[PDB]
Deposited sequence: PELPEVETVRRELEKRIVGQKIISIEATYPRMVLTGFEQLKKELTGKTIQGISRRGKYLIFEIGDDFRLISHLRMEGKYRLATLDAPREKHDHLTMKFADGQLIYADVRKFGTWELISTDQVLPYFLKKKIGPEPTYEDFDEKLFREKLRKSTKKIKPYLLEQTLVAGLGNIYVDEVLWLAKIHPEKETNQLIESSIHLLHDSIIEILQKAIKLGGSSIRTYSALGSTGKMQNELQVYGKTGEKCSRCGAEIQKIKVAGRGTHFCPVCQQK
């Protein structure tokens, strides 16, 4: 998932598990709890969930006054709310059991992570990762964005994926953003002119906010999304851009599959 899918999960969880007391925590794959499963089980058992926040693609469970559980779903992580007698599925790894149901984390590829962090360490945790601003008009300052692009010789798509210019773009939405901003994914950022940077800035915000409103792209929480029907380029290799007959091409850029419309996205 990318930011819109994580935000969709965050909103469904906020409606349903806030106020719930954790009765028990169980793991078939404790190694995904990077801070230590036994410690997490000891600290969080019997605590009440006070809220769910998000930073970039990270979910932040607020559990008691003094702990946050930072969860990253990486490539394929999925949460679901199930009855207490729900059967185990093959890639279920962790469960948080409440009195009237349970929250189960599954992840085929086992990439996702849980980290127990004290409340006053949450902001330092994200500072250390150098996560950039949230993709909103209030937080995403174009002036700083422009200065960072001017000072770099990186290609725009890898640089956007690093999460440092702005948080939350992954492979789907960076391809959508560059198509909307008419920018070649291998364009060196110090070559972007001011008017292109402005369109890129606005397009980042508009694509991600539209995706959030449509519930992201897609049985678990967050599989209700409609954004996949509005994708213009991602995963549409060989299909038309609607640009008078031009077809979408797929290349590899810094190891990632990359979908773009060459007519509209020249360097």
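A.B. asks: No C-alpha coordinates means not modelled. Give me those stretches of the deposited sequence in order.
C.D. replies: In the chain as deposited, only 219 to 222 carries no coordinates.
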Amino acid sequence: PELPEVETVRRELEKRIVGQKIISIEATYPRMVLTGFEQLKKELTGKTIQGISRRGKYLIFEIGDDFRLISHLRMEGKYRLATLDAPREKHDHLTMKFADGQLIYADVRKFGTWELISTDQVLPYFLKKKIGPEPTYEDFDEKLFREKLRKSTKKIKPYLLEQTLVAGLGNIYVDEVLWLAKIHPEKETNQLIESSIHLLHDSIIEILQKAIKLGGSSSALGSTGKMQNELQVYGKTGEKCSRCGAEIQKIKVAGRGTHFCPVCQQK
From here on, numbers count along this sequence of modelled residues.
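Only the largest set of C-alpha atoms that superpose within 1.5 Å between the two forms is called the rigid core.
A.B. asks: Going by root mean square C-alpha distance after a core fit, say whether 241 to 249 or 5 to 13 is farther from the shown form in 5 other deposited structures of this protein.
C.D. replies: Most displaced of the pair in 5 other deposited structures of this protein: 241 to 249.
A.B. asks: What about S219, is it left unmodelled in a third or more of the other PDB entries we looked at?
C.D. replies: Yes; at least one third of the other entries leave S219 out.
A.B. asks: Looking at the entry, does 19 to 27 or 245 to 253 show the higher mean C-alpha B-factor?
C.D. replies: Per the PDB entry, the higher value belongs to 245 to 253.
A.B. asks: Mean CA temperature factor from the deposited coordinates, higher in 73 to 81 or in 186 to 194?
C.D. replies: Averaging CA B-factors over each stretch, the winner is 186 to 194.
A.B. asks: Whose CA atom has the top B-factor in the entry, of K213, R68, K57, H201?
C.D. replies: Most elevated C-alpha B-factor of the set, per the entry: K213.
A.B. asks: Choose from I63, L34, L40, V233 the residue with the greatest Cα B-factor as stated in the PDB record.
C.D. replies: Highest CA B-factor of the listed options: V233.
A.B. asks: By the record's CA B-factor, is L180 among the lowest, middle or highest third of residues in the chain?
C.D. replies: Its C-alpha B-factor, which the entry lists for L180, ranks in the highest third among residues of this chain.
A.B. asks: Report the third (lowest, middle or highest) to which the CA temperature factor of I52 belongs, ranking only the modelled residues of the same chain.
C.D. replies: Lowest third.
A.B. asks: By the recorded C-alpha temperature factor, relative to the other modelled residues in its chain, which third is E115 in?
C.D. replies: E115: CA B-factor falls in the lowest third of its chain.
A.B. asks: By the recorded C-alpha temperature factor, relative to the other modelled residues in its chain, which third is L144 in?
C.D. replies: Tercile = middle for this residue's CA B-factor.
A.B. asks: Could you say whether, by C-alpha temperature factor, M96 belongs to the lowest, middle or highest third of its chain?
C.D. replies: For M96, the deposited C-alpha B-factor lands in the middle third.
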